[PDB]
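The chain contents come next:
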Amino acid sequence: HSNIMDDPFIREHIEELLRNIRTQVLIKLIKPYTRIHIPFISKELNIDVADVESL
Amino acid sequence: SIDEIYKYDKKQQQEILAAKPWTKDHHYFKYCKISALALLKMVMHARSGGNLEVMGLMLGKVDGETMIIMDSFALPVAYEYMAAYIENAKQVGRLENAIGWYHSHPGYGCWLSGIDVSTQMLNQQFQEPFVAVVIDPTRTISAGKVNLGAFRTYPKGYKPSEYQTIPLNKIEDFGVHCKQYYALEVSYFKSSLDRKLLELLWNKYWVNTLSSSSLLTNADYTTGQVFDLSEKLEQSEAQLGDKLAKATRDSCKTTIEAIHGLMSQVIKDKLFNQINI
Amino acid sequence: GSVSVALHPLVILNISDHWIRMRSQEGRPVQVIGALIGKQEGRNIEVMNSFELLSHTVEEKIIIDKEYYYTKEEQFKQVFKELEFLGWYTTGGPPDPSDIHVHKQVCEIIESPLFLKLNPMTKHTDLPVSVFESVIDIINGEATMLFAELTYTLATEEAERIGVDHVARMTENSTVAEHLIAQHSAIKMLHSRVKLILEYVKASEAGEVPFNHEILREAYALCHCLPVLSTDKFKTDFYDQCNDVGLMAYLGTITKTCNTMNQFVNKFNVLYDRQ
Amino acid sequence: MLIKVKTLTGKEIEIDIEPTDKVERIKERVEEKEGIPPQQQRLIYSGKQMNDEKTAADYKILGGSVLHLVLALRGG
Amino acid sequence: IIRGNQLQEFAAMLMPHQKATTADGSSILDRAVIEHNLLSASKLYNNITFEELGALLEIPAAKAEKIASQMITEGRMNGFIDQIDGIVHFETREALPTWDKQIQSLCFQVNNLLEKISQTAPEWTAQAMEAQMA
Ligand SMILES: CC(C)n1nc(C(F)F)cc1C(=O)Nc1ccc([C@H]2[C@@H](O)CCCc3cncn32)c(-c2ccccc2)c1
Ligand SMILES: [Zn+2]
């Protein structure tokens, strides 16, 4: 936290990250599924069920 | 006894070559009669390269408005090898001379490319009787029917659709080089006698015929045919307010193919499914 | 396989075209000599595309013009990387002493030569049987080698199959009849096979042939397999296909009716209302 | 002396030369006969392509040798 | 499908570093054998439930689905997973294409049986078909 999230040039863009990686995990996870559970996705993405729907 | 396609008459060929009747009218040649051996060897060479491209020469003669092809020999390939192999045409004992060249389009439809049309222009300019065959190996393998590509071109500085399946890539090349060549109606001739007798080896298969799996083998072919028929009919309507006859003929052939497939399926169902019920 | 000979249908068409061209050129039928090439895998023949090898047929004797074949060797090697000389073909009936002499000449080039004798004047149903090749019989004194016929197979690739199907009757005699004759022939030969199997079963039942416990078991399995795909999903798919073809026929009967109506109105506009 | 060149289709042209004439002279003669540029044209004798620098010393025929003309694209 | 009754011997000749655990209680040996069992079971099954997939491959439900989805998205295994009903669909036949291949197998049985008849009784077979057509 004191080596990455310190300067404003990286703290501001930390929001763009932790979302692209979550998108790539989500895309690969739903690849072999025809019907998947949203709460199941939340436990894999480590985010809330409401946030899964927004993503 | 019909036949009469063989027995190369030298005097008539020299007379028709010296007369040069195709110089006056540009649309002289309209019918291309490929032989059984020509097709067999052409398709075998086309499939003997897989996705790679093959090319060779095809020998034959000219009679009136028809161009008859009797034989075809492959080529090793642009280097000296092809030119050295070209001497085969005059080295063997055969009176058919050379009439054109065939080359394969593995998965790129049947049209003529820009370099292809330029080579055909040159060949027609300095070798008057010449035709280009653009058969497709992948399509005949997948659909089970041979698609022909007799595509004689127009002369330079002169001004006067069927296999439109190229999805994205080469369709641009199709559009620019489209009015530079005109297709030839391909009408196959069987020598009868010996070959008609020996065609019983087809009957020896008897299993691919009894289980043909039609109507799904060439489903994309029929969808493309209907797609072409749609704007053929739209052009017929625009002219009307005879292209309508051509559109009707195309619809009749497509429908006949579909009903033939259905008849085969019904025959198979009666033969196999309706037994021991 | 017991003798591992596999002929390709392209060779037969090659020989037929050669014979027909020579017959037309010289007026009368004439004996021809060729050269079968192919791939050898120890015990495999696998004949493929053949070339002319005209040689000579002078009077009653065949001269050794095989230098032309030697020149053709490097020529055909340029387009056929994995193909080598295997034998030669001819047109005629039973083997002749001239065939023996030509075979002796050919054995100079290759150690294991074949001898195809495609007969074009045959008038009997089954195809002329290709090659009568031999292992060469040796006896004390003169060799006096003969030919010991061994069986052949008609293995073919997919491109050859499609080409042969296209040359065969497929789409004055109407397209319906041409399409139906192929099915008639296929069903006829299948019916002949099934009828002969039934005849064997009846013969075993009566007692003409010895009871083979395995042939009748295979026949029982074949009978049990006879109702092919009788599922409810197969019926649904078949009815879907039939309905699709019916709609495709309706669209096109409509087109033909429109064309005929257009012709009728064209003829009607120049007969009654002259404007 | 007076040789004949045939194309693949079989068209024959009769061109007259001298023993010391070059192959470029052959190509120019064919140009004056039909109009084929020399760089878009290849000459074959006895199944071997002629080199573009040898003055027909081994091609001595004295009786009108038959030459083979093959059209080819510029530079392959 | 390789069971656990034929794998104890193979672990004997394995090198010691090849017996390492993958932080899940499963050795390397019994991780490529459950993937192999899953791929092999795709050929004997049209669709299998999660519970029965774990009753055949051990590892009942926690990682049976995870391995199944891991083999897919990599091209190693063809199929799709319906998590609501807990069924893994492997590969299905479209009825009509199956009809053609079943017909071909039926015709091949006729040809194979034809050879057997001729082999056993060449004399009886020969005279049979000639008079049959006439
Ligand atoms: C008849 C032969 C000897 N020939 N004569 C003359 C003429 F100049 F005399 C000219 C020629 C001659 O080889 N042309 C030619 C041109 C282009 C291609 C390739 C080229 O574009 C590359 C992309 C693929 C392609 C799709 N369609 C044509 N091609 C080929 C060719 C086709 C198949 C295999 C090998 C070569 C031959
Ligand atoms: Zn091309």
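Residues numbered from 1 in each chain as written, not as in the entry; some residues may be left out. Chains lettered and ligands numbered in written order. Part of a larger assembly, values for the part shown. Heavy atoms only, no water. Residues with missing side-chain atoms left out of burial classes, pairs and counts.

What the entry reports as its method is cryo-EM, with 3.03 Å given for the resolution.

Moving on, we get to the arrangement of the chains. With five pairs of chains in contact, the largest contact count belongs to chains B and C. The two units chain A and chain C are non-contacting; their minimal C-alpha-C-alpha distance is 22 Å. Between chain C and chain D there is no contact, and the shortest C-alpha to C-alpha separation is 11 Å. (Contact = heavy atoms within 4.5 Å.)

Looking now at the environment of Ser191(B). Structurally, the position occupied by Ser191(B) is in the loop between β6 (185–186) and α8 (194–198). On the accessibility criterion, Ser191(B) (4% relative accessible area) is buried. (Helix = DSSP H or I, 4+ residues; strand = E, 2+ residues; numbered from the N terminus. Buried < 20%, exposed > 50% of the residue type's maximum accessible area, 1.4 Å probe, protein only.)

Turning to the UniProt feature "binding site: Zn(2+)" in chain B, a few remarks are in order. Residue and element names in this part refer to chain B. UniProt's entry tags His103, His105 and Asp116 with the feature "binding site: Zn(2+)", counted in the numbering of this structure. By relative accessible area, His103 is classed as buried at 7%. If we ignore the near neighbours within four places in the chain, the residues touching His103 are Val54, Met55, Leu112, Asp116, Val133, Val134 and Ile135. Within the structure, the side chain of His103 is placed 2.4 Å from the side chain of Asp116, a separation counted as a polar contact. What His105 contacts, discounting residues up to four positions off in sequence, is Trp111, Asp116, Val134, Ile135, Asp136 and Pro137. (UniProt positions renumbered as here; feature names shortened; annotations may be inferred. Polar contact = N/O pair within 3.5 Å; in protein donor to acceptor, adjacent residues only side chain to side chain.)

This part is about the coordination of the zinc ion (ligand 2). Residues and elements named next belong to chain B. Protein ligation of the zinc ion (ligand 2) involves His103 (NE2), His105 (NE2) and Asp116 (OD), the donor distances falling in the range 2.0 to 2.3 Å. For the zinc ion (ligand 2), the four donor atoms in the first shell make angles of 69 to 144 degrees at the metal, so the coordination geometry reads as irregular. Sequence spacing among the residues donating to the zinc ion (ligand 2) works out to H-x1-H-x10-D. One end of the pair, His103, is in strand β4 (residues 100–103); the other, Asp116, is in helix α5 (residues 114–126), with 13 residues separating them in the sequence. Judged on exposure class, the residue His103 and its partner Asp116 are both buried. (Donors = N, O, S within 2.8 Å, 3.2 Å for Na, K, Ca; no water. Tetrahedral: all angles 85-135°; square planar, octahedral: opposite > 155°, others 65-115°.)

Okay, the packing of helix α2 (residues 29–44) of chain E against helix α4 (residues 64–71) of chain E next. Residue and element names in this part refer to chain E. Look at α2 against α4: their axes get within 11 Å of each other, and the N-to-C directions meet at 75 degrees. Taken together, the axes of α2 and α4 are roughly perpendicular relative to one another. Along the contact surface, α2 presents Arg31, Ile34, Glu35 and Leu38, while α4 presents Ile67, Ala68, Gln70 and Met71. Classifying every residue of the contact of α2 with α4 by side-chain character gives five nonpolar, one polar and two charged. (Axes fitted to C-alpha atoms, helices over the stretch in contact; angles between N-to-C directions. Parallel < 35°, antiparallel > 145°, perpendicular 65-115°, else oblique. Nonpolar A, V, L, I, M, F, W, Y, C, P; charged D, E, K, R; others polar.)

Another aspect to go through is the interface of chain B and chain C. Listed by partner, the interface residues are 83 residues for chain B and 74 residues for chain C. The biggest single contributor to the side of chain B that touches chain C is helix α11 (residues 243–273) of chain B, with 21 residues. The class makeup of the residues in the side of chain B that touches chain C is 47 nonpolar, 21 polar and 15 charged.

Residues and elements named next belong to chain D. Along strand β5 (residues 66–71), five of the six residues are buried, which leaves the element largely enclosed by surrounding structure. The pairing of strand β1 (residues 2–7) with β5 spans four bridges and is parallel. The partner of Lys6 across the bridge, within β5, is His68. (Pairing = 2+ DSSP bridges.)

Moving on, we get to the UniProt feature "short sequence motif: JAMM motif" in chain B. The feature "short sequence motif: JAMM motif", as given by UniProt, occupies residues 103–116 of chain B in the numbering adopted here. Overall, residues 103–116 of chain B shows 21% helix and 7% strand. The separation of its end C-alpha atoms is 9 Å.

Picture the strands of a sheet paired through backbone hydrogen bonds; they go either parallel or antiparallel. Residue and element names in this part refer to chain C. With respect to topology, three strands assemble into an open sheet ordered β2-β1-β3, the strand pairing being antiparallel. Each of the sheet's edge strands pairs with one partner strand only, and the pair in question is β2 (47–51) and β3 (84–85). Where strand β1 (residues 35–38) meets β2, four bridges bridge the pair, whose relative direction is antiparallel. By the bridge assignment, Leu36 is partnered in β2 with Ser50. Along the sheet, helix α1 (residues 9–26) makes contact with β1 and β2, crossing β2 at roughly 20 degrees. Contacting β1, β2 and β3, helix α2 (residues 66–79) runs over the sheet at an angle of about 125 degrees to β2.

Moving on, we get to the packing of aromatic side chains. To describe a pair of aromatic rings, you give the distance between the ring centres and the angle between the ring planes. Taken as a whole, this structure holds 24 aromatic pairs over all chains when the rule is applied. Measuring from centroid to centroid gives 5.1 Å for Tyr28(B) and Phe29(B), while their planes differ by 40 degrees, and the two rings are tilted. The residues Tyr28(B) and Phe29(B) share a single accessibility class, namely buried. A ring pair is formed by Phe264(C) and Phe268(C), whose centres lie 5.8 Å apart and whose planes are at 40 degrees; its orientation type is tilted. (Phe/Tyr/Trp six-rings, centres within 6.5 Å; stacked < 30°, edge-to-face > 60°.)

This part covers the nonpolar core. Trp206(B), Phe272(B), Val228(C), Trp99(E), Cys107(E) and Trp124(E) are the most contacted members of the largest nonpolar core, which totals 32 residues. Residue assignment for this core shows that the elements contributing at least two residues are α5 (175–206), α6 (215–224) and α7 (232–269) of chain C together with α5 (96–120) and α6 (122–133) of chain E. A total of nine residues in this core trace back to one element, the largest contributor, which is α5(E). Among residues more than four places away in sequence, those in contact with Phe272(B) are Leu210(B), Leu190(C), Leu226(C), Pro227(C), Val228(C), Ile103(E), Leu106(E) and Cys107(E). In terms of nonpolar packing, the next biggest core, distinct from the first, is built from 27 residues, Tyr28(B), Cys32(B), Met42(B) and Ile135(B) among them. (Core = buried A, V, L, I, M, F, W, Y, C linked by side-chain atoms within 4.5 Å.)

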